[PDB]
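Q:
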Ligand code: HDD
Ligand code: HDD
Ligand code: HDD
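Residue numbers (UniProt numbering), protein chains in the order written: chain H, 420 to 502; chain A, 28 to 753; chain Y, 28 to 335; chain V, 28 to 753.
1) For residue 591 of chain A, count the other beta carbons within 10 Å of its own beta carbon; 16 or more makes it buried, fewer makes it exposed. Which is it?
2) List the residues that DSSP assigns as beta-bridge partners of residue 339 of chain V.
3) Would you identify the three-state DSSP class for residue 687 of chain A, choosing helix, strand or coil?
4) I'd like the ranges of any alpha helix (DSSP H) spanning at least 4 consecutive residues and lying wholly in the region 686-736 of chain V.
5) Where does residue 438 of chain H land, buried or exposed, given buried means 16+ other C-beta within 10 angstroms?
6) List the endpoints of the continuous beta strand (DSSP E) containing residue 754 of chain V.
7) Against residue 591 of chain V, what residues of chain Y qualify as contacts under a CB-to-CB distance less than 9 Å, listed in chain order?
8) The beta strand (DSSP E) that contains residue 56 of chain Y, what's its start and end?
9) Could you list the residues in the region 84-107 of chain Y with a C-beta less than 7 Å from some C-beta on chain V, going in chain order?
10) For residue 87 of chain A, name the three-state secondary structure that DSSP assigns.
11) Considering only heavy atoms of ligand 2, list every residue whose Cβ is less than 5 Å from one of them, following chain order.
12) Taking the continuous beta strand (DSSP E) assigned at residue 139 of chain A, which residues delimit it?
13) Indicate whether at least one CB of chain V lies closer than 9 Å to the CB of residue 215 of chain Y.
14) Assign residue 292 of chain Y to buried or exposed, taking buried as 16 or more other Cβ atoms, counted over all protein chains shown, within 10 Å of its Cβ.
15) With a Cβ-Cβ cutoff of 9 Å, do residue 425 of chain V and residue 392 of chain V count as a contact?
16) Quick one: give me the first and last residue of the beta strand (DSSP E) that residue 629 of chain A is part of.
17) According to DSSP, is residue 109 of chain A helix, strand or coil?
18) At a Cβ cut of 7 Å, what residues of the region 418-431 of chain A count as close to chain H, listed as they run along the chain?
19) Under three-state DSSP, which class holds residue 437 of chain A?
20) How would you list, in chain order, the residues of chain A whose beta-carbon sits under 9 Å from the beta-carbon of residue 119 of chain Y?
21) Thinking residue 714 of chain V and residue 720 of chain V are a contact (beta carbons under 8 Å), I'd like their distance in whole angstroms, please.
22) Please classify residue 112 of chain V: is it buried, with 16 or more other beta-carbons within 10 angstroms of its beta-carbon, or exposed?
23) Where does residue 397 of chain A land, buried or exposed, given buried means 16+ other C-beta within 10 angstroms?
24) Under 9 Å between the Cβ atoms of residue 131 of chain A and residue 374 of chain A?
25) Excluding sequence positions up to five away, which residues of its chain have a Cβ less than 7 Å from the Cβ of residue 477 of chain A?
26) Within a Cβ cutoff of 6 Å, which residues of the same chain sit near residue 243 of chain A, ignoring the five residues on either side of it in sequence?
27) Along the UniProt region "Disordered" (459-493) of chain H, where does the CB come closer than 8 Å to a CB of chain A? Name the residues.
28) Express the C-alpha separation of residue 629 of chain V and residue 154 of chain V in angstroms, rounding to a whole number.
29) Rounding to the nearest angstrom, what Cα-Cα distance links residue 158 of chain A and residue 80 of chain V in this structure?
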């Protein structure tokens, strides 16, 4: 945000994905992308909800975190195993 | 010298009623109103009188009227550094406005508890009733920009910065007790939906557009706060006459480490009061700064905004005792189930000196807590904690925003953080890291404890898998809408109906209005039918047969959800228009002003032109404004004294004054010949409830008037106003 | 599955009168309208239909309804990068507004001269009646913020960006033929005086307050443009029905090097028309976006704003 | 509690020589060293001892070692606001570095004039010999980044901020009296050419690359300042041992309105002294912070850097009396033609507390003048006036950079400018415009006058058409290079030849070398032939025939242009390496150390390891550094005392130490058996000029050594060093 001037850093040419990027994020300093989507939110009916979420799956799926088990209290504590 | 001889350019440094003096920066208006935060700003407060005009570098300017040029008709020269510095600073005056709540109005004050709360919290500002905490409060709308109007239909923000001895605590609330959405991850969706639409940036300060109602219709969790916004809650009379809430369950933590669930409330001591829709909308045109002006002027007048801080307290073992989830920010805790314990009073008693420096640059953040408070797993509050730090990096220019004067703690702050844009503090510590030996490890960590201890989180047990999943216990959307609906008076219900009706009529895509009406039929059929009727929609047989949602823990209603069900009228600081004529009966005016003063009610004397008029006995009456200049939108009641009524009886603007006030349900009083005005507003010869009338403005006439003003508006008048063309 | 079956969510991509259809982005409303500037913007336009929702790094999102937590009633985790990217972009959406003329409405268009003006100027965009120059025009008020009302009493700006074959030419005009003050050095003084007063930031969109009339009373050079502002000029019916002026004398320079003094004018082909004050003021309340709406709807209807 | 119980973590608050104690923030090192600016910074200085560690909001931290997580091996929680604040401030610590002079070292001090200069200028800071003006000075390189090396070959900046009673005056100069180019419009071309090349960002801190010499070869106006940079001027021994110059002709304006043209000078009271190239380049590797460090330690030792401010003054009527144009910043004014008149003395006597806050954020700009000074039409100066204000908007984050504490005037500043990012000042003025009546038009303009008046520009006549045209008076490029060349000693001339030969040898395109050689052939054929020989290039008969450029106003040389032609040696603050052995003759060390102390020369005791050695008589000798740890590059002379020389006679490092010192022309002294080292450096039995040798360090040994030190280097040694492999 300071080093590269704001949240459109992914639009600086070196940083751009070569694959598709589409979402409802808008504006920010030095905005290059001119969005034509009638909708800047979801769920929306006015653009038939596009761009859409994608279920996870074998290939080309949405990102889902591994459902790791978490068990413990809220602590600021170094694990004893690190000592 | 440019000032007038008589010194009438400078407002008196003493409390004065609205309109009596020009308004002024707070330290010049009220220089002996002090608190610890106000005093600690003295290092940066900059005077002006008797100083030479200079550059920012301290160089005296000889001619501040001209650029340097080659010849008096020549080109301007690059070497004119006086011009360029002055133009550079101008060219860079603006900073980004807040993403949301950009429109807001702020004042200094103080808070003091009613009693020690150490049994339930170790928070130092609540440890002793003699503990006085300076505050800075900013009230706001939500959707519109910094240049938008005050009296829109919108949620209002109510943000309080507590400058405590153990840290800044920011209590960042709104005027309804819930929010529109459940999980912080959808905040940009909801905010983009409500904000002006992206192609053309319309509309400002309004939810009355396709994208808001599209989102609402597809996200039934929104309906509870949407009920609030569509009620008269959405259009407060004043920031002084609305409630405030933290919305989220937080925790209090005591010296023994015991946690208690808490929700925060601010109860306005001037009572609850809102406008009516037509009045509010028209007021955004006649005075888009009405709330800002009214707040500044109340403080100038000594009508300090006062609020009682209240806690709803729920023992940790009672976490699952309700039929809604305590962590769901779309559910309120009814006061019938958990009373509000009144804990202290906040008094707002001084305006800022410079709006940009103190108000625009102020940064409030709900993650700014102090030992003795803690958070909960509310998934809306959880994401807030990220945003309010992050946003200041662009808004206030970098990570040193706490060094901006208004944001500084008044208590000590020392740590190993260094640099960043516009670094003010010059650290002398040999060390900028810990642990260090070279400064004997100073500044040092402090163990948590009963007082002056370091912050330690409450060791809440976390058990579950890493999931992006909404709790099933959040999946109920209609029962809280319904409870709120059932708790409103019948006129509050009609206004909610009209709120939805008016908004939906501005939705261009008809299927959206239909889909919203379907959601209403899940809340209450009477409401859904009344809105459908205004929209030219007919409920289907299926819609008529949707079972209503259950009561909330057995509650049929809760009157604490109404603005008006339970009288809490306070007339002090209200205002009345007095409509003058060229020969007022002085005896009328004497009695009016005297009775008003007795109750702390203000007056504005109105006429067809500026200047003065002269009463029957020669009293010179100064005119504050014209009928068109200070519309009835701006006052709580209208009195017409007796006199040469012929003077005004044919004045369209005078007659319209009374039509407008009458339409908007305001008390009207007419004495002696002023009763000829009865005919313009269609009052039967015998009179009616809410029109005070008598031969003269005696003593009973004012008590009648003032009793009406205590009930705020004349709700019984509503069926008559449909006929009046106004 | 969210759009209605009958396709009534989607505006007709053809000229329709105000109120007949929802408004839409220009390239979707009128995909057949083109000019050289609009064509050159194609490399940065982003569509939306049939695309997956992603992060800004191109990662598809599975669930755009929830944060990542430890248990479905648990705390949010710092490793939720999808949440933090999305909230961070939202957190930094705003940029400073214009010091003056913060409130304004804009449209793409084109300009063409009636004949070659080569005898008086070597400016390429004026050299050939066939030469068409794209423009982008922004109309504005002066005093109020970007969120203030359109139909205030104020000066209006009328700024035209001409994308010529020999460079950008910006003609940055107002709707009266003069300004309030003589020397740039005093611009911050006058603008401070008309702007909301610094203790309380009131009033928005209005010169009707003490500091403005103090400055005027002390600076008679201001009266000329004050007359214009106090006239119905200060409350135009539409950006389409006001005049525009460059105010200053500039120069035309021909190929021989001859200089001619020039003042710029725009004449509205829809003619000149203003509100009345009571109407204008009330309208700031009933529809503070009236002029921005009217401009956008005129263009969607094919009532294109034309100026000579 | 981690400090050593003996208190040795804390440096003594008293003057101590280089290496004796750890360095500290100036206010902890020298708390009794005060001036009005240092005193005025007290409001922002932040201490640390005895304070609790907090967030920036003032909340005490209990555990600054851990993030908040779910379980001690679990995931980090978003509600860790303590972690996020601390990482956020870190993540934003950096600000853009200066476009040029990014690498700079700075200190506080004061200035006083010798006598009132009222007859020639009304500048308040020069009006009274008892008026002390605080200053802040930053010295710098030009090309390299803030993290580049100090002892590069480059021009040096010398910028002085005077905190005067009538405003900030910035005298922003360099260590040579001219600049490379004539018109500010070419500054980005010149700077881009010298800076690292844009494809690969190489080289750092060096002009020794193609694009620089390409530009120079195509712009002969550059050649004069290129001569300076190629001489030993480009590699000063210390910021305390170089000259400073404002370069441009400015004006002084007195009370009577008379203008006098002036050029500004700083004379170093410690004399002029430079490194030699091989030493300078190697020192960028062994200690890239050598000048920064040397400045800091001189101040901690009490060897305060002192400079005498001087003026070359030229009456208006003499504007056109020189062979060159006074407004041409590629031309110098020879002191033989116009002497420097002594004006006053500046002493730098305290280091900053925090480098980022005071040094990195300081903003200097030559347009910051004060009444009694004014500019000229010098077309380089004219463009500078635009840049130094503009650049701060990004560098320091907006138009309030003057509110950053180091930048603030100590005198009053008041005006109508408001807002901007980072606004500190809270204005209470009812008015933010003038003329105003509402604050009686305050703050007010001040007419010009003899003292405390407003700034008015000297009403210089302008006559011409609007042109982008170089004055023909500026079209002469060679005579000043030649005057500079002819003014240097023969050894200086050889160093110039070697600087060009070395730099052009790094230029990859040969045609560029050839074009530079051809330009040199226009300056002086001896120079051009000598550089050509080193590059394997043969001058043509045409080149051998170029006629030299004219004398400058009849001067065939001016010795004030040489570093060394007129002796101005000063040993105080210099340093000597003492090479110890494991049984030093203690009588030698007593004699050496006391002789050095009496003249203010420091010593560093060196050995093959750290810890201690023991002398013949049992005295315990603390070792400062190893031979390799503190190489001869870092000292001015080397002394080897007698003792068990066998200990070190076979130590490669010990031997190499003397060979490196020897090659770089430094005085070397050898006592008793240390004379066996004579064989290492190839000294004849009967010895040579620049090697001191005796049976012991008694009698005249130390005087002979100090005499050599006063002459800086052993130039006579030059023909000897070419064959030695070091
Ligand atoms: C995840 C994003 C997010 C979420 C979910 C919320 N907020 Fe917020 N809020 C912001 C992100 C934000 C913000 C963008 O950070 C603001 C505006 C810019 C800033 O300085 O803070 C802000 C400002 C802001 C203000 C104005 C403070 C001021 O006057 O300066 C108030 C009153 C609230 N918030 C209150 C609330 C309430 C009652 C919420 C629901 C319980 C809520 N916020 C949820
Ligand atoms: C020296 C200061 C100054 C002066 C004296 C003027 N302007 Fe200006 N103007 C600015 C400095 C400025 C500015 C602060 O730079 C703005 C605001 C932000 C922007 O982009 O430029 C601007 C914007 C601005 C705009 C809005 C452009 C847009 O839509 O972005 C218009 C129409 C004008 N100006 C027109 C005028 C006219 C007719 C003037 C009288 C002859 C005038 N300006 C004097
Ligand atoms: C028109 C462009 C321009 C030109 C022609 C000059 N400068 Fe400059 N200078 C700048 C534009 C600039 C600047 C880019 O604005 C800098 C770097 C960043 C800063 O704050 O100022 C700067 C920095 C800078 C500094 C560093 C100040 C500090 O320590 O922070 C010094 C000492 C000089 N300059 C001296 C000179 C000299 C002796 C020049 C020739 C006689 C000269 N400048 C010409």
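Ideal placement from N, C-alpha and C gives every residue a C-beta, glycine not left out.
A: So, from the data block:
1) buried
2) V:290, V:367
3) helix
4) 705-708
5) exposed
6) The first residue shown for chain V is 28 and the last is 753, placing residue 754 of chain V beyond what the model contains.
7) Result: empty, since nearest Cβ-Cβ is about 52 Å, beyond 9 Å.
8) Segment 53-56 is the alpha helix (DSSP H) holding residue 56 of chain Y; no beta strand (DSSP E) there.
9) 97, 102, 103, 104, 105, 106
10) strand
11) Y:125, Y:126, Y:127, Y:128, Y:131, Y:165, Y:167, Y:184, Y:186, Y:199, Y:201, Y:206, Y:211, Y:214, Y:274
12) 131-140
13) yes
14) exposed
15) no
16) 629-634
17) helix
18) 420, 421, 425
19) coil
20) 123, 126, 417, 418, 420, 421, 422
21) 5 Å
22) buried
23) buried
24) no
25) 149, 282
26) 249, 253
27) 459, 460, 461, 462, 463, 464, 465, 483, 484, 485, 486, 487, 488, 489, 490, 491, 492, 493
28) 39 Å
29) 24 Å
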